[PDB]
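The next block holds one structure in the form of structure tokens; read it before the comments.
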Ligand SMILES: *[C@@H]1O[C@H](CO)[C@@H](O[C@@H]2O[C@H](CO)[C@@H](O)[C@H](O)[C@H]2NC(C)=O)[C@H](O)[C@H]1NC(C)=O
Ligand SMILES: *[C@@H]1O[C@H](CO)[C@@H](O)[C@H](O)[C@H]1NC(C)=O
Ligand SMILES: *[C@@H]1O[C@H](CO)[C@@H](O)[C@H](O)[C@H]1NC(C)=O
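Chains as they are written, first to last, in the entry's author numbering: chain B, 2 to 97; chain A, 7 to 279.
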């Protein structure tokens with residue numbers, strides 16, 4: 002049993018009011034059953050693309066979530082993960 | 007120098023629930039997916055069939071379809087043979103394929119993990135448990151090594167088919183595999199874990215292929231405090247990476263991030279703080 006690491010990053014340099022993509026890469030977890038949500042000001046973003054699940058040389062799973070977004074000055078973004086290795090959901094905020 | 011790997015992920019939650027999903031990678035590009043939901047393997051590239059004819063592909067796919075159904079029932083029957091030592095939920099992973107060297111040389115591999123831990127491989131002409139594998143596997147592995155038809159098939163796949171197929175992929179997928187995408191870089195800061203410090207961050211994104219150089223600089227002096235992070239995939243088959251430098255307050259001035267990449271052809275990106 003293994004705890005997911007979560008990293009959040011934009012595809013392009015963030016300019017306010019310019020379209021961009023926000024990525025949430027979740028790694029190092031086991032077992033493969035996992036829920037990933039991306040959040041805008043604490044609400045779930047509905048249209049989120051997921052890559053196929055895969056795994057590394059060390060057998061730990063990984064998967065990429067991404068979504069279209071255009072940043073602003075006041076909007077805050079996060080990626081929240083529910084997994085059986087954690088009694089609580091882990092949330093990682095986008096750095097900016 | 008490419009590694010072709012077919013990855014299978016099988017989950018068994020109880021006697022009535024299981025799914026098996028696969029993905030195939032040639033280096034860092036995905037060539038196939040095979041969801042539990044589809045009868046057929048799906049291509050994720052225009053060149054995913056390699057140089058094989060539709061006849062050869064159908065025959066290969068057909069064998070995997072047989073295999074997936076047989077795998078699923080074999081494992082669930084093996085649960086009841088060794089219960090209640092190890093009960094549900096059960097996770098199995100297979101990683102199989104070949105490493106392609108220059109001069110038309112290759113090494114093939116077939117590795118299996120149980121509950122996230124390497125336990126079995128195919129080697130030469132037989133399946134074998136690895137040292138430290140649980141001893142209840144020794145009998146099931148003998149049962150399987152008695153199936154000489156499976157053994158000959160797996161031997162064909164590893165010795166002939168795998169390097170054959172991959173030679174074709176490399177030819178047919180040349181322009182994607184040899185693609186060059188240019189990095190775009192930008193600078194920012196985030197809080198440091200130490201007091202009176204700021205963490206300078208140099209972000210580099212959209213580059214392909216993977217190899218890249220990124221350093222914080224003060225003139226020609228490389229800043230040995232540069233902490234390079236992991237390669238993180240973008241969703242468009244390019245790479246993302248960031249390098250950080252924790253610096254005292256006031257000492258930021260004069261710093262620069264410098265990026266080298268094969269797609270820039272000597273023309274390094276240099277950003278200044
Ligand atoms: C597939 O390749 C392997 C080589 O890895 C062959 O297995 C070897 O066979 C030789 C000669 O028959 C044996 O003396 C070796 O002990 C085997 N190697 C190992 C590492 O155990 C295998 O015969 C080949 N099969 C086919 C169908 O070509
Ligand atoms: C089997 O597992 C699935 C998925 O975890 C679950 O939804 C289902 O209720 C289980 N069924 C039985 C009979 O245990
Ligand atoms: C996976 O596919 C098999 C075979 O088609 C099917 O019967 C099984 O119920 C599927 N499992 C899930 C969880 O959808």
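Idealized CB from N, CA, C, for every residue including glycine.
query = Using a Cβ cut-off of 9 Å, which residues of the stretch 85-97 of chain A contact any Cβ in chain B, in chain order?
reply = Result list: 95, 97.
ask   = Residues in the stretch 11-41 of chain B with C-beta within 9 Å of chain A's C-beta atoms, listed in sequence order?
value = Answer in chain order: 11, 12, 13, 14, 15, 22, 24, 26, 28, 31, 32, 33, 34.
ask   = Using the beta-carbon of each residue, which ones in chain B are nearer than 8 Å to residue 119/A?
value = Here residue 119/A refers to the residue found at position 113 of the second chain. Result: 60.
message = Can you tell me where the beta strand (DSSP E) holding residue 314/A begins and where it ends?
response = Past the edges of chain A, shown from 7 to 279, lies residue 314/A, and the structure says nothing about it.
key: residue 179/A beta carbon less than 9 Å from that of residue 13/A   = On the second chain, residue 13/A is found 7 positions in, with the first residue counted as 1. On the second chain, residue 179/A is found 173 positions in, with the first residue counted as 1. Going by C-beta atoms, residue 13/A is not nearer than 9 Å to residue 179/A.
Residue environment, residue 79/B, which counts as buried when at least 16 other CB atoms sit within 10 Å = The residue given as residue 79/B occupies position 78 in the first chain. Taking all protein chains in view, the Cβ of residue 79/B is crowded by 16 or more other Cβ atoms within 10 Å, so the residue is classified as buried.
task = Locate the alpha helix (DSSP H) running through residue 94/A, then write down its first and last residues.
result = Position 88 of the second chain, counted from the start, is the residue given in the question as residue 94/A. The continuous stretches of alpha helix (DSSP H) do not include residue 94/A, and DSSP gives it neither H nor E.
ask   = Just how far apart, CA to CA, sit residue 49/A and residue 109/A?
value = On the second chain, position 43 is the one that residue 49/A refers to. On the second chain, position 103 is the one that residue 109/A refers to. Roughly 28 Å separates the two Cα atoms.
ask   = Of all the options 106/A, 148/A, 133/A, 246/A, which has the alpha carbon lying nearest to the alpha carbon of residue 118/A?
value = For the purposes of this step, residue 118/A is identified with residue 112 of the second chain, where counting begins at 1. Per the Cα distances, 133/A.
query = Hey, is the stretch 53-65 of chain B in contact with the stretch 31-42 of chain B, meaning 3+ C-beta pairs nearer than 8 Å?
reply = The stretch 53-65 of chain B, when compared against the stretch 31-42 of chain B, does touch it at the 8 Å Cβ threshold.
inquiry  = When you compare the CB positions of residue 165/A and residue 114/A, do they come within less than 9 Å of one another, or not?
reply    = Taking the second chain and counting its residues from 1, the one referred to as residue 165/A is at position 159. Taking the second chain and counting its residues from 1, the one referred to as residue 114/A is at position 108. Yes, these two residues count as a Cβ contact at 9 Å.
task = Note down the Cα distance separating residue 223/A from residue 6/B, rounded to an integer number of angstroms.
result = The count along the second chain starts at 1 and reaches residue 223/A at position 217. The count along the first chain starts at 1 and reaches residue 6/B at position 5. Each residue's alpha carbon lies about 30 Å from the other.
task = Using the DSSP secondary-structure output, state which residues sit across from residue 38/A in a beta bridge.
result = For the purposes of this step, residue 38/A is taken as the residue at position 32 of the second chain. DSSP lists 30/A, 49/A as the beta-bridge partner residues of residue 38/A.
ask   = In or out: residue 107/A buried (at least 16 other Cβ within 10 Å) or exposed?
value = Working through the second chain from its first residue, we reach residue 107/A at position 101. It counts as exposed.
task = Anything in chain A within Cβ reach of residue 54/B, meaning under 8 Å, just list it in chain order.
result = Taking the first chain and counting its residues from 1, one reaches residue 54/B at position 53. Neighbours of residue 54/B on chain A, chain order: 15, 27, 29.
inquiry  = When you compare the CB positions of residue 94/B and residue 239/A, do they come within less than 9 Å of one another, or not?
reply    = Counted from its first residue, the first chain places residue 94/B at position 93. Counted from its first residue, the second chain places residue 239/A at position 233. Note that the C-beta distance between residue 94/B and residue 239/A is not below 9 Å.
ask   = What does residue 96/B touch in chain A if you count any residue whose Cβ is under 8 Å from its own?
value = On the first chain, residue 96/B is found 95 positions in, with the first residue counted as 1. What residue 96/B touches in chain A, judged by beta-carbon distance under 8 Å, is 194, 196, 207, going in chain order.
inquiry  = Let's test the definition: count the other Cβ atoms within 10 Å of the Cβ of residue 12/B and tell me whether it reaches 16, buried, or not, exposed.
reply    = The sequence position of residue 12/B within the first chain is 11, counting from 1. Its Cβ being crowded by 16 or more others within 10 Å, residue 12/B is buried.
task = For residue 91/B, decide whether its Cβ has a neighbour in chain A, counting only Cβ atoms nearer than 9 Å.
result = Counting from one through the first chain, the residue named residue 91/B turns up at place 90. Taking Cβ atoms only, chain A never reaches closer than 9 Å to residue 91/B, which makes this a no.
query = Quick check: the stretch 76-90 of chain A against the stretch 120-136 of chain A, are there 3 or more CB pairs under 8 Å?
reply = For the pair of segments examined, the stretch 76-90 of chain A was found not to touch the stretch 120-136 of chain A: the number of CB pairs separated by less than 8 Å stays below three.
ask   = For the beta strand (DSSP E) that residue 22/A lies in, which residues bound it at each end?
value = Residue numbering aside, residue 22/A sits at position 16 when the second chain is read from its first letter. For residue 22/A, there is no enclosing beta strand (DSSP E), since its DSSP letter is neither H nor E.
query = Using the C-alpha atoms, what's the distance from residue 17/A back to residue 161/A?
reply = As a working note, residue 161/A is residue 155 in the second chain. As a working note, residue 17/A is residue 11 in the second chain. About 26 Å.
message = Strictly below 9 Å CB to CB, what residues from chain B border residue 124/A?
response = Taking the first residue of the second chain as 1, we reach residue 124/A at position 118. Near residue 124/A (Cβ distances below 9 Å), the residues of chain B are 60.
First and last residue of the uninterrupted alpha helix (DSSP H) at residue 160/A = As a first step, residue 160/A is located in the second chain; it is residue number 154 there, counting from the start. Residues 154-162.
inquiry  = Please list the terminal residues of the continuous beta strand (DSSP E) segment that includes residue 219/A.
reply    = On the second chain, position 213 is the one that residue 219/A refers to. Here the beta strand (DSSP E) through residue 219/A covers 219-224.
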